[PDB]
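Next up is one chain by itself, shown in structure tokens, the form deposited in one PDB entry.
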């Protein structure tokens, strides 16, 4: 019998108790105890007298924000920003996402990133944006990701009248990407053009994974919270808010339908002035869906959309991705499914240099209160740090 299994767990970079997680655990403990009020406790003061000095030192050898140059800001979420950065020593360009620890604690939403980190770190797929380094300081999480200089599809669709030839391509790439995520045992749950980014050669990678979830042995989730963003959410996910909902990956294919509809027609199928408007339409989709007379659309395209926008029970892709691939809409002369991502994309970005952010739009003070007793504001972020 053996400490052989023990050693194994510590070296595995997927493990929750690898060396970097353990150092996060020691660092976070020191950050949460080192306040005048708490040091009135002998145990706490004595502990910190031993480790405070060495923990400062460790933190100095650690990757920091100051190791990067901020070239410019290219996106702002609810929890922080996305920066185009150049790492100083290597001189290489990355996209760095910052998540404010303050805003995540405050909004009670401080565990969404574990799946996103895992997927980007280890997917090793051309369809998934790659994470190179994850690190933290007392105020932020940082994810250093490969930069996608073609911008998102929400930007492509707003600069072009998209013909069907193009939609075949982009839809197919979304289909393969999602199938990749599903084969890693995960349902995306937030498929939309904002999370679809175009690489240098004009091909697509999925970029955000903050709503992902692991499936059961069977292929399902049990989830009682509706998630994703209103316009693209499926009826079964929305229904599951009320309690004991029980869905599989077919919820993502709904979102493909919404995406394909938007790309050809120019507006989302269930668009409405209000949130509760859009939700009321999605629920009543059998009656609310219809294409305007004038926006002219192929009968195969229209069919594919309707094959996606139906009840889970008969939705295209309930039997697996195979029936999606053979749908007549995808027939064309440029690409088959094994080679699509090495053919010429419909829009190749024009870039001047390795810091060209021209496909992103331009963009234009908050601390934890000092504690009394022990709040543990850093505990949710132990295990985040990762080096490639």
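Numbering follows the first chain given and starts at 1.
Quick note: we don't show the form solved in complex with a small molecule, though the next part is all about it.
_For the three residues 236, 249 and 317, which mark the spot I'm curious about, does each lie within 4.5 Å of the small molecule in the bound PDB entry through at least one heavy atom?_
Per the other structure, none of 236, 249 and 317 touch the small molecule.
*asked:* For the interface check, one of 145 to 153, 169 to 177, 303 to 311, 278 to 286 should have non-hydrogen atoms within 4.5 Å of the small molecule in the bound PDB entry; which one?
replied: That would be 145 to 153.
*Work out which of 191, 260, 187, 197 lies within 4.5 Å of the small molecule in the bound PDB entry, going by heavy atoms.*
Looking at 191, 260, 187, 197 one by one, just 197 meets the 4.5 Å heavy-atom criterion.
*Tell me, out of 123, 82, 221, 93, which residue has a non-hydrogen atom within 4.5 angstroms of the small molecule in the bound PDB entry.*
Spelling it out, the residue with a heavy atom inside the cut-off is 82.
*Using a 4.5 Å heavy atom cut-off, state whether residue 77 contacts the small molecule in the bound PDB entry.*
Judged by the heavy-atom cut-off of 4.5 Å, residue 77 is in contact with the small molecule in the bound PDB entry.
*Is residue 360 a contact residue for the small molecule in the bound PDB entry, using a 4.5 Å heavy atom cut-off?*
Yes, residue 360 lies within 4.5 Å of the small molecule in the bound PDB entry.
*Quick one: does residue 271 come within 4.5 Å of the small molecule in the bound PDB entry, counting heavy atoms only?*
Although the small molecule is absent here, residue 271 would stay clear of it in the bound PDB entry, with no heavy atoms inside 4.5 Å.
*Might residue 231 be said to contact the small molecule in the bound PDB entry, defining contact as any heavy atom within 4.5 Å?*
Residue 231: no, not in contact with the small molecule in the bound PDB entry.
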